[PDB]
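Right, one structure below, let's go through it.
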Amino acid sequence: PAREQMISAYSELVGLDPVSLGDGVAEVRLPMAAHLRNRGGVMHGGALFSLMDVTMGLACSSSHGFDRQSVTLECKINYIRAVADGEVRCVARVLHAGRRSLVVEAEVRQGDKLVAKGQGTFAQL
Amino acid sequence: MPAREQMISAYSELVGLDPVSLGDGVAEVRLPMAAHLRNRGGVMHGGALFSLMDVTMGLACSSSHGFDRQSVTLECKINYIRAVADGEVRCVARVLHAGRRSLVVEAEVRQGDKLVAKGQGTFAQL
């Protein structure tokens, strides 16, 4: 697909930066910015989740094809480390691609450090 | 591995869970199919698969903090990928983070090259 079929208005707002995708894997970068700060001055959990959801969505698209659609049914995330500056990278991998649903996992890292880990389910449209 | 008696409970025995190995923040447990594990569809019940996962995750935590310390499950989330009708399954759990107060752990259940279930949970360090 073109860059266009992989971004949305919200992904652009948060500052998500897709890096690569293919065979049920995707990687997306997110630089820290002032508007991502929570009350403690670190990257907001919502921003981290947003990053993960988008990366998972792109991984799914790479599995079933961009000529087909899937949507998030549910997702679960754990927050492991705070992010105060710099950038993070999220990598998502499709673990199962069924006729009706896909299971996807993802991790967010800063350098080698684990920042967040998640797992979710997508509905195949 | 410590003695088997140190790694099992009445409930793990009931289900038929069988510790296989322990590493540094990693554990493997096996579960053979049996009549009393069947759900209404005649396959391994989701509860039995979850029980396997929870036990394996606990053992992975113990291999991280030591069996001289304790942790308990705060929460867990599991996805069921496909049904198991016979034979046995293996669960491997891996500690992803060991903090002073909590641990995050992931686990997968397989039968060979078949992914059966996948999950992620949080333990409280006691």
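Chains: A, B, ... in order of the structure tokens. Residues: from 1 per chain. Ligands: from 1, in order shown.
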Neighbours of chain B in chain A at 8 Å, counting only C-alpha atoms, as a JSON list (two decimals) with C-alpha atoms, in the first residue's frame:
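Wrote it out as out.json, contents follow:
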```json
[["chain", "number", "residue", "atom", "x", "y", "z"],
["A", 76, "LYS", "CA", -4.52, -5.89, 26.73],
["A", 78, "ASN", "CA", 1.24, -4.03, 30.42],
["A", 80, "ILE", "CA", 6.87, -1.89, 32.22],
["A", 96, "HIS", "CA", -2.74, -16.50, 14.33],
["A", 103, "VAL", "CA", -4.41, -12.82, 17.43],
["A", 118, "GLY", "CA", 0.54, -6.43, 24.72],
["A", 119, "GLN", "CA", -1.73, -8.96, 23.11]]
```
Exercise: residue 111 of chain B partners within 8 Å, only C-alpha atoms, chain neighbours under 6 positions left out, as a ChimeraX atom specification:
/B:88-90
Using DSSP on the backbone coordinates, identify all residues within chain A classified as strand (DSSP E or B); present the result as number ranges by chain.
A: 17-22, 25-31, 37, 43, 70-79, 87-97, 101-110, 113-124
Restricting the calculation to only C-alpha atoms, which member of A:7, A:106, A:15, A:99 is positioned closest to residue 68 of chain A?
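Residue with the minimum atom-to-atom distance to residue 68 of chain A: A:99.
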Skipping near chain neighbours, those fewer than 4 positions away, what residues fall within 6 Å of residue 93 of chain A using only C-alpha atoms, listed as an MDAnalysis selection string?
chainID A and resid 24:25 104:105
For the selection just defined, write its residues with N, CA and C atoms to a file, as a PDB file, in the first residue's frame.
```
ATOM      1  N   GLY A  24       2.947 -10.483   8.248  1.00  0.00           N
ATOM      2  CA  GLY A  24       2.350 -10.548   9.582  1.00  0.00           C
ATOM      3  C   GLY A  24       3.189  -9.898  10.656  1.00  0.00           C
ATOM      4  N   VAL A  25       4.110  -9.019  10.260  1.00  0.00           N
ATOM      5  CA  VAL A  25       4.905  -8.223  11.201  1.00  0.00           C
ATOM      6  C   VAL A  25       4.913  -6.756  10.767  1.00  0.00           C
ATOM      7  N   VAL A 104      -2.737 -11.128  17.820  1.00  0.00           N
ATOM      8  CA  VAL A 104      -1.517 -10.357  17.557  1.00  0.00           C
ATOM      9  C   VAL A 104      -0.875 -10.014  18.892  1.00  0.00           C
ATOM     10  N   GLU A 105       0.458 -10.055  18.933  1.00  0.00           N
ATOM     11  CA  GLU A 105       1.168  -9.554  20.107  1.00  0.00           C
ATOM     12  C   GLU A 105       2.098  -8.407  19.704  1.00  0.00           C
TER      13      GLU A 105
END
```
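Counting only C-alpha atoms and comparing A:95, A:21, A:115, A:73, the residue that lies closest to residue 49 of chain A is A:115.
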Please indicate the distance in Å from atom CA of residue 112 of chain B to atom CA of residue 92 of chain B, rounded to one decimal place.
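Atom CA of residue 112 of chain B sits 12.2 Å away from atom CA of residue 92 of chain B.
Distance check against residue 1 of chain B using only C-alpha atoms: of B:23, B:32, B:58, B:16, the minimum falls on B:23.
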Just want the 9 Å neighbourhood of segment 60-65 of chain A, counted on only C-alpha atoms, with same-chain residues fewer than 4 positions away dropped. Output as an mmCIF file with C-alpha atoms, in the first residue's frame.
```
data_model
loop_
_atom_site.group_PDB
_atom_site.id
_atom_site.type_symbol
_atom_site.label_atom_id
_atom_site.label_comp_id
_atom_site.auth_asym_id
_atom_site.auth_seq_id
_atom_site.Cartn_x
_atom_site.Cartn_y
_atom_site.Cartn_z
ATOM 1 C CA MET A 6 -1.579 2.910 6.552
ATOM 2 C CA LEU A 21 5.790 -4.138 7.425
ATOM 3 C CA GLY A 22 5.471 -7.549 5.881
ATOM 4 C CA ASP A 23 4.322 -11.131 6.412
ATOM 5 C CA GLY A 24 2.350 -10.548 9.582
ATOM 6 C CA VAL A 25 4.905 -8.223 11.201
ATOM 7 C CA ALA A 26 5.034 -4.443 11.470
ATOM 8 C CA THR A 55 1.337 -1.419 14.858
ATOM 9 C CA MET A 56 -0.922 -4.442 15.506
ATOM 10 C CA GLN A 69 -10.008 -4.884 6.474
ATOM 11 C CA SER A 70 -9.761 -5.892 10.132
ATOM 12 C CA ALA A 92 3.843 -6.382 16.377
ATOM 13 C CA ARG A 93 3.543 -9.962 15.141
ATOM 14 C CA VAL A 94 0.431 -11.867 14.065
ATOM 15 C CA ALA A 97 -4.660 -15.455 11.240
ATOM 16 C CA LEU A 102 -6.512 -12.711 14.254
ATOM 17 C CA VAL A 103 -4.410 -12.823 17.427
ATOM 18 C CA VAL A 104 -1.517 -10.357 17.557
ATOM 19 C CA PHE A 122 -8.766 -8.432 15.640
ATOM 20 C CA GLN A 124 -11.530 -10.081 10.073
#
```
Distance query residue 26 of chain B at most 7 Å, only C-alpha atoms, self and fewer than 5 positions along chain excluded, as a CSV table (one decimal) with N, CA and C atoms, in the first residue's frame:
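The resulting part.csv:
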```csv
chain,number,residue,atom,x,y,z
B,60,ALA,N,7.7,-19.9,36.5
B,60,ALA,CA,8.6,-18.9,35.9
B,60,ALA,C,9.0,-17.8,36.9
B,63,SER,N,11.2,-19.1,39.5
B,63,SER,CA,12.6,-19.3,39.0
B,63,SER,C,13.4,-18.0,38.9
B,93,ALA,N,6.5,-20.5,29.9
B,93,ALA,CA,6.3,-19.2,30.4
B,93,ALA,C,7.6,-18.5,30.6
B,94,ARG,N,7.7,-17.2,30.4
B,94,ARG,CA,8.9,-16.4,30.5
B,94,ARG,C,8.6,-15.1,31.2
B,95,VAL,N,9.4,-14.8,32.2
B,95,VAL,CA,9.3,-13.5,32.9
B,95,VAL,C,9.9,-12.4,31.9
```
Excluding residue 17 of chain A and its own-chain neighbours fewer than 3 positions away, which residues fall within 8 Å of it when counting only C-alpha atoms? Please give them as a ChimeraX atom specification.
/A:12,28-30
Restricting it to N, CA and C atoms, dump the selection as a tab-separated table (two decimals), in the first residue's frame.
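What landed in result.tsv:
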```tsv
chain	number	residue	atom	x	y	z
A	12	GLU	N	-1.39	10.31	12.90
A	12	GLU	CA	-0.62	11.51	12.61
A	12	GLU	C	-0.60	12.47	13.81
A	28	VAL	N	6.65	0.28	14.05
A	28	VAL	CA	6.25	1.71	14.03
A	28	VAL	C	7.07	2.43	15.10
A	29	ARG	N	7.55	3.64	14.77
A	29	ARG	CA	8.33	4.48	15.68
A	29	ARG	C	7.44	5.58	16.27
A	30	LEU	N	7.73	5.97	17.50
A	30	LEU	CA	7.05	7.11	18.13
A	30	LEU	C	8.06	7.98	18.88
```
Enter the distance from atom CA of residue 117 of chain A to atom CA of residue 12 of chain B, in Å, rounded to one decimal.
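Taking atom CA of residue 117 of chain A and atom CA of residue 12 of chain B, their separation equals 27.6 Å.
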I want to know what sits within 8 Å of residue 116 of chain A, based on only C-alpha atoms, with residues of the same chain fewer than 3 positions away left out; could you give that as JSON, numbers by chain?
{"A": [48, 77, 78, 79, 80, 81, 107, 108, 109]}
Mind giving me the straight-line distance from atom CA of residue 114 of chain A to atom CA of residue 75 of chain A in Å, one decimal?
18.2 Å
What residues in chain B get the DSSP label alpha helix (DSSP H)? Please answer as a ChimeraX atom specification.
/B:10-15,46-65
